[PDB]
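Participant: Got a sequence here, can you model it:
(one chain, ligands or ions: 2)
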Amino acid sequence: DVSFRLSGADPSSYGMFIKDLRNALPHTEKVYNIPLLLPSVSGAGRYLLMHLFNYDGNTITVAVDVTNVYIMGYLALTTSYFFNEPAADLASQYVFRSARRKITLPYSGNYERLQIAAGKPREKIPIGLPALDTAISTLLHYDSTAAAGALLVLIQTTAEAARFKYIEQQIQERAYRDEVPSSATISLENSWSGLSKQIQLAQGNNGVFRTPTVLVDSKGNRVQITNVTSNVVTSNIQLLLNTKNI
Ligand SMILES: O=c1ccn([C@@H]2O[C@H](COP(=O)(O)OP(=O)(O)O)[C@@H](O)[C@H]2O)c(=O)[nH]1
Ligand SMILES: *[C@@H]1O[C@H](CO)[C@@H](O)[C@H](O)[C@H]1NC(C)=O
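Facilitator: Residues are numbered from 1 along each chain as shown. Ligands and ions are numbered 1, 2, ... in the order given. Right below this line is the structure:
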């Protein structure tokens, strides 16, 4: 398991958490020096538990699928909550079994459905360590509309930061003040599957992408990524979704 405490949190301790999170995801291979997530893992070993504590020391435990860094559900006090999708339903067979009751959330975990449930796109939802503190607090007490927004915050400040150093740094910049994600952040989140695939396809193609990936950079400019020499590949992305899962 990995842990993060918002009480006394700073960019350093958050950085240590994102490092622990990355290091808890198993891999047997690196592709262009980036860890390649496994095609599959059977049984309970598929799920990592993240223990998150809000500023007051209250805690939720979040279950993460280690093959794709997708959040499946979470435990708050004696109640478990899972996304309304088959992967989460499967996860509920292995994690938080000791919960007194299990609630299935009225949405799946993808961004489109969460944004619908939350009533806003995540372009308009501030993120940062204070927002994560809030998200944790919100998830302690069931409110499915509030939870959708909290989960958008949670996903981005955890999984997405694990996947991209740029996003980790974005959150570190928001250690004491929330701010909506940069469009570069949104772009990277939306492109993780695509990038993961093209980096793998580049292996037998002299480092060249079979299909270019379009991203928005830090200045808001739309750029094409065509090969593994790009800074997105050499410096930014930290985890690859296995093509077997794409
Ligand atoms: O369109 C999206 C938006 C978000 N996520 C991921 O959602 C995860 C948690 O959701 P879940 O795995 O339950 O949903 P699924 O993506 O399997 O539909 C996060 O780590 C995000 O990467 C996603 O897979 N697809
Ligand atoms: C590869 O990408 C780099 C970095 O963006 C770019 O400068 C170069 O033109 C590309 N080279 C090839 C062979 O595609």
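Participant: Spatially nearest residue to the residue nearest the centre of the chain, not counting backbone neighbours?
Facilitator: Nearest to the mean C-alpha position of the chain, by C-alpha atoms, centre = their mean, lies residue 159 at 1.8 Å. Nearest non-adjacent residue to residue 159, counting by C-beta to C-beta, 6 or more residues apart in numbering: residue 69, 4.3 Å away. In short, each C-beta sits where N, CA and C put it, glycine included.
Participant: Check residue 227 too.
Facilitator: residue 208 (4.8 Å).
Participant: can you give me phi and psi for the one you found?
Facilitator: With angles defined as degrees, to the nearest 10, residue 208 shows backbone torsions of phi -100, psi 130.
Participant: That one: neighbour count?
Facilitator: Neighbour count of residue 208, defined by other C-beta atoms under 10 Å: 13.
Participant: May I ask you to confirm that the residue nearest to residue 159 is in contact with residue 26?
Facilitator: No - the pair formed by residue 69 and residue 26 falls short of the contact definition of C-beta atoms under 8 Å, at 12.0 Å.
Participant: Among the two, which residue is more densely surrounded?
Facilitator: residue 69 (21 against 13).
Participant: Tell me how far the more buried one lies from residue 175.
Facilitator: Separation of residue 69 from residue 175 (C-beta to C-beta, to the nearest Å) stands at 22 Å.
Participant: same thing with residue 43?
Facilitator: 37 Å.
Participant: So the two - more neighbours on which side?
Facilitator: Neighbour totals were compared for residue 43 and residue 175, and residue 175 leads with 16 against 8 (other C-beta under 10 Å).
Participant: Could you give the bridge partners of residue 127?
Facilitator: Beta-bridge partners for residue 127, by DSSP bridges, are residue 179.
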